[PDB]
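The chain below stands alone and is given in structure tokens; this is the form deposited in one PDB entry.
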């Protein structure tokens, strides 16, 4: 049954070819524009991120996430209150970024506005492809493209500051992978740079326009590609596990529920991905994720998610004091609403999987 759902969720090679060809053409053109010439974003490099490049994209290849990352040396971070995730950026000259300053502080809003303006002008010159820039979203770090290939494809272009220093201390007790992927992996991952994206902290019913947010799309991608306690997990001379399949089933469940209940707008795939990371830490043995145990693994994930929902607590995997299910982010009656919907599908063999 779950097996038949996964077959339905599996992407088609022909759809992947058509979508990728068009997406890569458009992105490459955008990145080229950033490089040339008197652009403040001149040194940006591309990193592909999110569901599709993690191989956990379901149903259709119609959503692509890409980071344009700018190394900016000699920055000092100041934690915006005690959020753990949000920061203000200051500088340790006649530099490319001096006009994005709001006093001594590097403004996320200003920098993102220019970045978006450049993309809009470049997109206007694309004539062989039907692509447009979607309207700006409140507190989004993304410049979102809309492509008609003729099928609809969304591409999020995410500006990110790259910092080569050690990660901010709010992450010190995050990434608890020591009994799973191990201490050498954790240490090496934490020696990689960290990123800030111009997503603003929500302060009441407004946004703080200078704040940036930590991003670990890079570490997350590595983990999804290197997810076993055994090095050969899912390799050609190793054993297939069901970790990713279990994540797909969960994303699907949430996706289907979101399509018909508007009171679930505050929930998203990132909550599901965060939940399963915790599950992978809780159950690190590959033997616990044998494909023969898919049903029980999915049920265990469901139970864990319901418990996060009920206790109003889902710790960011990298920033443990940052609660994705705080009352401030998601109202209590939204969590109770999702709770009842999940229990129903769980007690009725997921009729919603039949669309």
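Rigid core: the largest C-alpha set superposing within 1.5 Å between the two forms. Residue numbers count along the first chain shown, from 1.
Quick note: we don't show the form deposited in another entry, though the next part is all about it.
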Problem set entry | Identity of the moved residue from 262, 187, 166, 206, C-alpha shift 2 angstroms or more, core fit between this form and the one not shown | 206
Exercise. Is the CA-CA spacing of residue 205 and residue 331 tighter or wider in the other entry than here, given a 3 Å or more change?
Worked result: farther
For this session: Based on a C-alpha change of 3 angstroms or more, tell me if residue 330 and residue 207 lie closer or farther in the other entry than in the shown form.
Result: farther
